[PDB]
Amino acid sequence: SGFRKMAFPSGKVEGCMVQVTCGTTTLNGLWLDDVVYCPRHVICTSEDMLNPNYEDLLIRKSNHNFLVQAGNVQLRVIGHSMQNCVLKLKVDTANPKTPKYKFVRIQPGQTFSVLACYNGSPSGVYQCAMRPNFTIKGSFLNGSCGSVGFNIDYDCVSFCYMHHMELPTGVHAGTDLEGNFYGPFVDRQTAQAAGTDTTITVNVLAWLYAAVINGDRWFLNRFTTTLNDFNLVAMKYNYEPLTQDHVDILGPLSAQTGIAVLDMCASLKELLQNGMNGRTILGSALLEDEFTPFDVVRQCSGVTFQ
Amino acid sequence: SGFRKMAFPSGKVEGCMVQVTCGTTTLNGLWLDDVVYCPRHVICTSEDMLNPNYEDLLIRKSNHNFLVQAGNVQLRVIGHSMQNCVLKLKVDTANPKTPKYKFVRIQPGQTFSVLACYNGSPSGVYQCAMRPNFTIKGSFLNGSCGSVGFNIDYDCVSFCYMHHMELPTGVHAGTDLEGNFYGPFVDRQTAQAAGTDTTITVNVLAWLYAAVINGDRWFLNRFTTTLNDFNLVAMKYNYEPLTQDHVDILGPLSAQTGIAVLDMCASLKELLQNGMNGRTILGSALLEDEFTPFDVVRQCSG
Ligand SMILES: Cn1cnc(Cn2c(=O)nc(Nc3cc4cn(C)nc4cc3Cl)n(Cc3cc(F)c(F)cc3F)c2=O)n1
Ligand SMILES: Cn1cnc(Cn2c(=O)nc(Nc3cc4cn(C)nc4cc3Cl)n(Cc3cc(F)c(F)cc3F)c2=O)n1
């Protein structure tokens, strides 16, 4: 029993984090096979930045400029190239700690563990959620660029994120491992912010199902709504429209809890209106939207990810 | 910027987890050097649940009774001893993944990470705090015995918790790696219950300093309070008393933010008499108490 925000065991990823240095610029890199991936903003000087020309800035370089630091062993770079906003440094040695891995791109509302590293040395791990505004509410000090977000499926590490920058609002923005930025952003210093965020409704309903599994059953009413009626109330309170796909995903939790979706959307409708009346659900004084429905199965029913 | 709950990279502990099986009992084991640490409850059966004589049951097992499984590799147990509530198993191979480790015993209010493991297979990692009542509000299922709590300090793993049992309230009780239980609990099925939990005050004040560092500033006042007038109010709200030590440990946060500790104690005193009038601190609508002044300084700026 008990419920916590849980991340995947970051062991497999820690062996791939390396330090990449270009000029005075230093950040973290992901070393898989004989290639090191890092933000392409590493070849940037404050003299460029602002309005860059990465393709241009790129070619005019060398292979001894990039100091790929793996621990205190150095790596000979033998070729660079771009791929959207991610730079790939080809090095002479395959990473012997390379896991089963694939690059994936996540939809908003999906969750992933973040291994925040500073100067190639992993420092902390936590569990994030892709916000609807395509930002993540991370905790990143300076020099966090190159920190990677991932998930683990059996023994396959699914790299879905790479850190790039903090917005002035305080949230963070990055790309997938193929350079495609998450959201309406570019990798430079301009005044940038994204759309006003919204609650991931499907994750809140999965969090309520976890509270019922943990005996926290006070919010359960006796009523039932429709997807049409719920989404109309959901729009008012900056909640994401719940769709039919979202419903089917909550199927297992419904049958294992004995409740029902829409019946749960009845409780959430009331909670979105009355508030919680000074009570707490799983000890939280808000509504949590950082647990996907599969996250709740992994933490209450559960499988191990070695 | 941004303030998250942050556990340590569980990489070094994953390489130490094994699966210990004694008869039909299968919990997780901590493989360090040529010794495998695990809760001594693994040597129990159905009849031995309420009042086990573990010394009787231990001089009651042979080395061939223990099955240790690091991945596909079965390990050969060549000795079984007991120190308090943890069973120690000599194996003929040392774990080549063994880190720089040391066994420490934390005090209530100290935080640590937890690697939840099932059948020697790590499944997840999260951040706990040792509650003042010596339990932890962890997340654990059946098969999670042997899961360890830890902190990491310059690639040196400090093992400070080993999960043994879940209490009726749903909180969890375990031992240090020397087998000494945290709290008035014993590894038996005797109906047990922990004292009434309280909020770690010094952790809340540390979290409030972390909010002001992050520019957050919806909750400060012009007031100050005496340490005894603060403790008098905090105790009325199931809060821990604040010692002169706790005031000194909050020293460097009071320095880096220019807000004296007793000034912040007044800002907390006001917070408890009103609530939050809707507003949130660092995204929380409740007061956080699982960030030590160490973690707060760790995660925050300079
Ligand atoms: C507080 N915070 C939250 N997230 C971040 C991530 N982040 C970062 O780590 N570094 C950045 N600029 C650099 C300065 C360097 C100085 N040296 C010696 N080396 C440096 C390397 C970097 Cl990468 N930035 C700023 C930033 C980085 C970008 F890649 C980008 F496209 C726009 C930006 F404004 C940063 O946000 N820090
Ligand atoms: C739901 N939950 C959350 N945390 C825990 C911790 N925990 C555990 O993992 N296992 C326990 N009993 C066992 C039964 C077994 C059945 N087989 C085949 N093998 C078994 C092994 C164990 Cl270890 N317990 C109960 C428990 C374990 C103790 F070590 C103890 F001293 C008293 C207890 F009541 C448990 O709490 N479960």
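Hydrogens, waters and symmetry mates are skipped; everything else that's a heavy atom, side chains included, is used. In the text below, chain A, chain B and the rest are named by the order of the sequence lines, each starting its count at 1.
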Tell me which donor-acceptor pairs under 3.5 Å the side chains of residues 125-133 of chain B have, and how far apart each pair is, sequence neighbours excluded?
| unit_1 | atom_1 | unit_2 | atom_2 | d |
| --- | --- | --- | --- | --- |
| B:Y126 | OH | B:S139 | N | 3.1 |
| B:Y126 | OH | B:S139 | O | 2.7 |
| B:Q127 | OE1 | B:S113 | N | 3.1 |
| B:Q127 | OE1 | B:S113 | OG | 2.5 |
| B:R131 | NH1 | B:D197 | OD2 | 2.9 |
| B:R131 | NH1 | B:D289 | OD2 | 3.4 |
| B:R131 | NH2 | B:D289 | OD1 | 2.8 |
| B:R131 | NH2 | B:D289 | OD2 | 2.6 |
| B:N133 | OD1 | B:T135 | N | 3.1 |
| B:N133 | OD1 | B:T135 | OG1 | 2.6 |
| B:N133 | ND2 | B:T135 | OG1 | 3.4 |
| B:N133 | ND2 | B:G195 | O | 3.0 |

(request) Only counting residues at least two apart or in another chain, list the ones meeting side-chain contact (heavy atoms from CB on, under 4.5 Å) with B:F103. (result)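 Here the qualifying residues are B:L32, B:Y37, B:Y101, B:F159, B:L177.
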(message) Pairing donors with acceptors under 3.5 angstrom, does anything connect the side chains of B:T201 and B:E240?
(response)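 There is no such pair (donor and acceptor under 3.5 Å, judged by atom type) between the side chains of B:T201 and B:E240.
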(message) When you compare the side chains of A:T225 and A:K269, does any donor N or O come within less than 3.5 Å of an acceptor on the partner?
(response)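 On atom types as modelled, these side chains do not qualify, holding no pair under 3.5 Å.
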Shortest non-hydrogen contact from [X] to [Y]?
| X | Y | answer |
| --- | --- | --- |
| A:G11 | B:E14 | N-OE2, 2.9 Å |
| B:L286 | A:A285 | CG-CB, 3.4 Å |
| B:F223 | B:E270 | CD1-OE1, 4.4 Å |

(request) Return each pair, listed once, that meets side-chain hydrogen bond (donor to acceptor under 3.5 Å, both in side chains) where at least one residue sits in residues 202-223 of chain A; pairs must be two or more places apart or across chains. (result)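 Residue pairs with at least one partner in residues 202-223 of chain A: there are none.
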(message) When you compare the side chain of A:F3 with that of A:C300, does any pair of heavy atoms fall below 4.5 Å?
(response)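 Yes, close enough: below the 4.5 Å cut-off.
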(message) A side-chain contact here means heavy atoms from C-beta on lying under 4.5 Å apart; do A:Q273 and A:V233 qualify?
(response)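 A:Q273 vs A:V233: side chains touch.
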Do [X] side-chain atoms and [Y] backbone N/O form a donor-acceptor pair below 3.5 Å?
| X | Y | result |
| --- | --- | --- |
| A:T292 | A:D295 | yes |
| A:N151 | A:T111 | yes |
| B:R40 | B:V86 | no |
| A:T257 | A:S254 | yes |

All N/O donor-acceptor pairs, side-chain side in residues 161-173 of chain B, below 3.5 Å, sequence neighbours left out:
| unit_1 | atom_1 | unit_2 | atom_2 | d |
| --- | --- | --- | --- | --- |
| B:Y161 | OH | B:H163 | ND1 | 3.1 |
| B:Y161 | OH | B:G174 | N | 3.3 |
| B:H164 | ND1 | B:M162 | O | 2.9 |
| B:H164 | NE2 | B:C85 | O | 3.4 |
| B:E166 | OE1 | A:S1 | N | 3.1 |
| B:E166 | OE1 | A:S1 | OG | 3.0 |
| B:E166 | OE1 | B:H172 | NE2 | 2.9 |
| B:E166 | OE2 | A:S1 | OG | 3.0 |
| B:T169 | OG1 | B:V171 | N | 3.4 |
| B:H172 | ND1 | B:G138 | N | 3.3 |
| B:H172 | ND1 | B:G138 | O | 3.4 |
| B:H172 | NE2 | B:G170 | O | 3.4 |

(request) Under the side chain to side chain contact (heavy atoms under 4.5 Å, CB included) rule, what do B:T175 and B:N84 come out as? Steps first, then yes or no, please. (result) CA-CA 9 Å; B:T175 72; B:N84 302 300; over 6 Å; no
(message) Among residues at least two apart in sequence or on other chains, which ones pass ring pair (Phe, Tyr, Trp, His ring centres under 6.0 Å) with B:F8?
(response)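 Listed in chain order: nothing, the list is empty.
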(message) Which residues pass the ring pair (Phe, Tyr, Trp, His ring centres under 6.0 Å) test with B:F150, not counting sequence neighbours?
(response)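 Testing B:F150 for ring pair (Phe, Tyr, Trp, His ring centres under 6.0 Å), a comparison that skips the adjacent residues, returns none.
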(message) With rounding to the nearest 0.5 angstrom, report the CG to CG distance, B:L271 to B:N277.
(response)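 The distance works out to 9.5 Å.
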(request) I would like to know whether A:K137 and A:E290 meet salt bridge (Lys or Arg N to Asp or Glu O under 4.0 Å); could you show each step before the answer? (result) CA-CA 11 Å; A:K137 304 189 97 224; A:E290 308 256 281; over 6 Å; no
(message) Cation-pi check for B:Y182 against B:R105: NZ or CZ below 6.0 Å from the six-membered ring centre and within 45 degrees of the axis, yes or no?
(response)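 Pair B:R105/B:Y182 counts as cation-pi.
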Is the number of heavy atoms from other residues, nucleotides or ligands within 6.0 Å of [atom1] ([X]) greater than 12?
| X | atom1 | answer |
| --- | --- | --- |
| B:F294 | CZ | no |
| B:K100 | NZ | yes |
| A:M235 | CE | no |

